[PDB]
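A.B. asks: Model the structure of this input:
(chains A and B)
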Amino acid sequence: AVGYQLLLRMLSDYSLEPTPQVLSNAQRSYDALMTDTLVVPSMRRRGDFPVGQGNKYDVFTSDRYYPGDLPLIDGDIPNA
Amino acid sequence: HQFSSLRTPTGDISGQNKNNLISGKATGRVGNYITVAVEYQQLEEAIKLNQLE
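C.D. replies: Numbering: from 1, shown residues only, chains lettered A, B, ... in the order given. Next comes the structure:
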């Protein structure tokens, strides 16, 4: 993958245009490289979304509402 | 308190070597903490454990 990308970036030095087979090979290698590194993040609950009574909410199990982005408050540093 | 006596045969001896009064103490205090602590991923724990009991 890296070799084909570098070759595509270097052909212009000698002013040689590429060929369809070389382009296809570079595309396939880059696609494999991109496949090997995928994130696909999973969206989290909003934060004001209620948690039903089925999930028994108590001091030691779960809170009434889903946890969200809000950072826990230290108590010092009150304003952000 | 404890006391010790004298053995003499005379009675008008109102002035002599008497006992003494010493007070003692027994002092009790507090010990060190009895602490047990666990660190763990609460979500992974609660996967299959209700109320963390």
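A.B. asks: which secondary structure element contains residue 9?
C.D. replies: If you meant another chain, say so; for now it's chain A. Assigned by DSSP states H and E, residue A:9 belongs to helix A:2-14.
A.B. asks: wait, I meant chain B there
C.D. replies: For residue B:9, there is no enclosing helix or strand under DSSP H and E.
A.B. asks: List the residues that contact it.
C.D. replies: By Cβ atoms under 8 Å, 6 or more residues apart in numbering or on different chains, no residues touch residue B:9. All C-beta atoms are positioned from the backbone trio N, CA, C, and that covers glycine.
A.B. asks: measure it to residue B:30 for me?
C.D. replies: To residue B:30, residue B:9 is 56 Å away according to Cβ to Cβ, to the nearest Å.
A.B. asks: Over to residue B:7?
C.D. replies: Per Cβ to Cβ, residue B:7 is found 48 Å from residue B:30.
A.B. asks: that's a helix at residue B:45, yeah?
C.D. replies: Yes: counting by DSSP: H, G, I helix; E, B strand; the rest coil, residue B:45 is part of a helix.
A.B. asks: Now do the contacts for it.
C.D. replies: Residue B:45 sits in contact with residue B:52, where contact means Cβ under 8 Å, 6+ apart.
A.B. asks: so how many other residues sit close to residue A:79?
C.D. replies: When counting by other Cβ atoms under 10 Å in any protein chain shown, one arrives at 3 neighbours for residue A:79.
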